[PDB]
């Protein structure tokens, strides 16, 4: 058997990216061998979270009684080479016919990133095949006419950008540097930032697209000569680590660093030697949501051909996996449950049985998905008309001397003061 696939009465696609590789030129039309590339522990954790969720539901005699959920899951280290997995989810018996109005899957969870979603979503949108993303935060996916069957269980970039602005406005500094990943996620972030501060005291004094060619020596030289103290770094794990590691090596000091939620809970950087030297790190963070039972599931899982379904991660420390950045955990959990509930309601399941042999079209799943209204771990799972989530909080953290991301504030989407911060918890310099 395999972690990546599970037979069931109905199938859910899982689109993950367990390995990382930078894009490169290719001269053949074929999938990429991701199993040989850089392993990513927290993405792998999120992958397990989906496996955990499905098994939890299959264990339940209440949700989907006597109806098993299976999955086909993928490790797409490359968005441009992800299409074989995507085709498999949409095919009738390993065949696609383009002009069709019984697909292998009833919906899909993922993908994690905006680049992955932009590359493949039109193929799902055409037949209103439902996608529930646990990570994609692009502004553009809130345009329902462009992405009619796209939903997500994390907030749009606009909300995180608002929280970041609230962090800046709580303090006295008004010149800001904005370092962003040279990708769709990063560019959209810069755009929202620029839009949000235009009518405020905040001045964007410097900004730069981050990639492998960044002259960090020169970037930090300029930042220093403009006497800029606040540096927003809006970037995924790989880019954020490049920035902060370069900052340590170039003896950047006395800065105030502000992280987006994709690296405020990073687990490598708070323990890196010298991290202290570059100043103070704050960030917007997803609060830690405890998923009961997950710990036991991981211990159990670690104790254990189609492309992009191979982990090559034998002999992982169970400890390291448990302790990995837990951001996006509830987004994954809630995404699986939303599809489960949608299926349950589409089948017209009662409290202890389901009408059987019923053929389900993905578009029927969609209608129930958009009408989602259920409780999960004392949160209420709903989506607005744009497919954006109406659940999930944002907090402010401070990386404190023992290496923890200590909560020091809460971001309120509605409140008169949008951002509270207990400033005495923050130990500067």
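Numbering follows the first chain given and starts at 1.
J.: With respect to the deposited sequence, is there a break between residue 304 and residue 305 in this entry, and if so is it 1 to 3, 4 to 9, or 10 or more residues, or none at all?
T.: In the record, 4 to 9 residues between residue 304 and residue 305 lack coordinates.
J.: I want to verify a possible break: how many residues of the deposited sequence sit between residue 101 and residue 102 without any coordinates (none, 1 to 3, 4 to 9, 10 or more)?
T.: Per the deposited record, the segment joining residue 101 and residue 102 lacks coordinates for 4 to 9 residues.
J.: Between 322 to 330 and 86 to 94, point out the one with the higher average CA B-factor as the PDB entry records it.
T.: According to the entry, 86 to 94 carries the higher average C-alpha B-factor.
J.: Regarding 358 to 366 and 30 to 38, which shows the higher C-alpha temperature factor on average in the entry?
T.: Comparing 358 to 366 with 30 to 38, the higher mean C-alpha B-factor belongs to 358 to 366.
J.: Identify, among 153, 264, 271, 114, the residue whose C-alpha carries the highest B-factor in the deposited PDB entry.
T.: Highest CA B-factor of the listed options: 271.
J.: Checking the record values for 342, 278, 163, 169, which has the greatest CA B factor?
T.: 278 has the highest C-alpha B-factor of those listed.
J.: Sorting the chain's modelled residues by C-alpha B-factor, tell me whether residue 67 ends up in the lowest, middle or highest third.
T.: Residue 67: CA B-factor falls in the highest third of its chain.
J.: By the recorded C-alpha temperature factor, relative to the other modelled residues in its chain, which third is residue 130 in?
T.: As the PDB entry reports it, the C-alpha B-factor of residue 130 lands in the middle third of its chain.
J.: Could you tell me which third, lowest, middle or highest, the C-alpha B-factor of residue 214 occupies within its chain?
T.: Its C-alpha B-factor, which the entry lists for residue 214, ranks in the middle third among residues of this chain.
J.: Looking at the entry's B-factor column for C-alpha atoms only, identify whether residue 11 ranks in the lowest, middle or highest third of its chain.
T.: Middle third of the chain for residue 11's C-alpha B-factor.
J.: Sorting the chain's modelled residues by C-alpha B-factor, tell me whether residue 118 ends up in the lowest, middle or highest third.
T.: Within its chain, residue 118 is a lowest-third residue by C-alpha B-factor, going by the deposited values.
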